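Just one chain follows, in the form deposited in one PDB entry, and it is written as structure tokens.
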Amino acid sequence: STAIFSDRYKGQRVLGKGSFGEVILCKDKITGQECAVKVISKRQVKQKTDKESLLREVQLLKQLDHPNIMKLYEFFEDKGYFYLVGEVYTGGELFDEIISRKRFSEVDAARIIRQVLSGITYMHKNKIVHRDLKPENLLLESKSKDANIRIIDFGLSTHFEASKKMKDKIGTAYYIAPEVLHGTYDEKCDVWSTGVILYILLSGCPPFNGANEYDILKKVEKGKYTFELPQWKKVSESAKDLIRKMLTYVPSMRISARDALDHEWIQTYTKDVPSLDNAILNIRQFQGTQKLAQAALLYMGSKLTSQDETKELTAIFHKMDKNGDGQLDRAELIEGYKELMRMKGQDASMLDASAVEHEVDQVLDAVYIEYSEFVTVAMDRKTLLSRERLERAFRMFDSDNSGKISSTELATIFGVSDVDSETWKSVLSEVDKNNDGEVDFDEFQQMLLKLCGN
């Protein structure tokens, strides 16, 4: 008797989109235990290993235990999906918490990096490599100031192939070890990624940077970086030495995780130190830029999904409309909405028939029934979560409350989003015919619609 995920768990709400799938906050129907479930769609994500290889890795991961590593509880599989059930953490992404503080010292950085290295060392002892370590995979356990870091996604990348879509790729290039680019890699790739993260904590800029993804990858692959930025003048020698050893090009010459834990810098600063004010400022700029580019990509995707699902839904209902009345009942709206969830594959949110009944009932309570009006409301439902996140992200990036984003800023944003320069300028030309060389929110939004075939 294979076991079924929704026999045990009900969905509370969506937490977000992470690597390889959606993550939903769920609750055990019997014990009331809350968990975070990552749902991997087989249609969207190809496997790299056989089933046997994956089952044994899962079995090992369920037994591992370390305070800086996400705890995995269960694994389920059906026809369309894999369901990975882990512990929920509520403190959010590390960098989002850091930009909220007024001071940040080498002691704060050292304490963070010790945690990361400790998790990594443990996982490497157990022969598991992350490969895709980056700031998004570092979660704080709770919203308290002290809270431990929990690393998510250890072990995934070995069994599943990453998306080639930019909306899923944002940020990845800064942190990937050069040997991963060329194909021969081992556990030392995780030390490199940590080194890049450390460099960024102490300066607020990527050691390997550029105007688009490929430019970044080119800097990484050559492997040269410098400490010639002004803000490095305030930083201890021992920190730069540890950095150097983690960013050592040839993996066999690069320091191990375990030895980095013993480095003088970790020893000194984790047991007369200024705030790194310039680094906090750079980090909040870095962060805001990354989050706005992500928000702009998800908005464009959400718009295209809606164009696709609106027309599909209408044709399902038209077919269903026996009498040509333009009128369906509740059971019919439910069966058509279900039909949409079968064809499509988008709503981890609609785990079972019961979540679909509730969603239908929410739309009805807002709005025999005219199906064309039901279609209108059901779809806005799914967007504005992305339209209002767009707006939130624009306001967060406009830190001066100017209401405006300059041409230069757009060039940075679209570069990170990997939208071609002559393409966005062309779209900007069609909206900015006053030559202001700056845009307000509504103008920015209009550009994005034009960049996704609207």
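Take the two forms, superpose them, and find the largest set of C-alpha atoms that agree within 1.5 Å; that set is the rigid core. Don't overthink the numbering: it's just position in the shown sequence, from 1.
Missing here is the form deposited in another entry; even so, the following discussion is about that form.
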> Of 145, 244, 165, 125, which one's CA moves 2 Å or more between the shown form and the other one, core aligned?
Replying inline: 145
> Quick one: core overlaid, is residue 336 moving 2 Å or more at the Cα between the shown form and the other one?
Replying inline: yes
>> So that I can tell if residue 101 moves, could you say whether its C-alpha shifts by at least 2 Å between the shown form and the other one after the core superposition?
In response: no
> Does the C-alpha of residue 209 move 2 Å or more between the shown form and the other one once the rigid core is lined up?
Replying inline: no
> By 3 Å or more, the Cα spacing of residue 361 and residue 83 differs in that other deposited form; is it closer or farther than in this view?
Replying inline: farther
>> Just to spell it out: taking the C-alpha atom of residue 198 and the C-alpha atom of residue 145, is that distance smaller or larger in that other deposited form than in the structure shown here, given it changes by 3 Å or more?
In response: closer
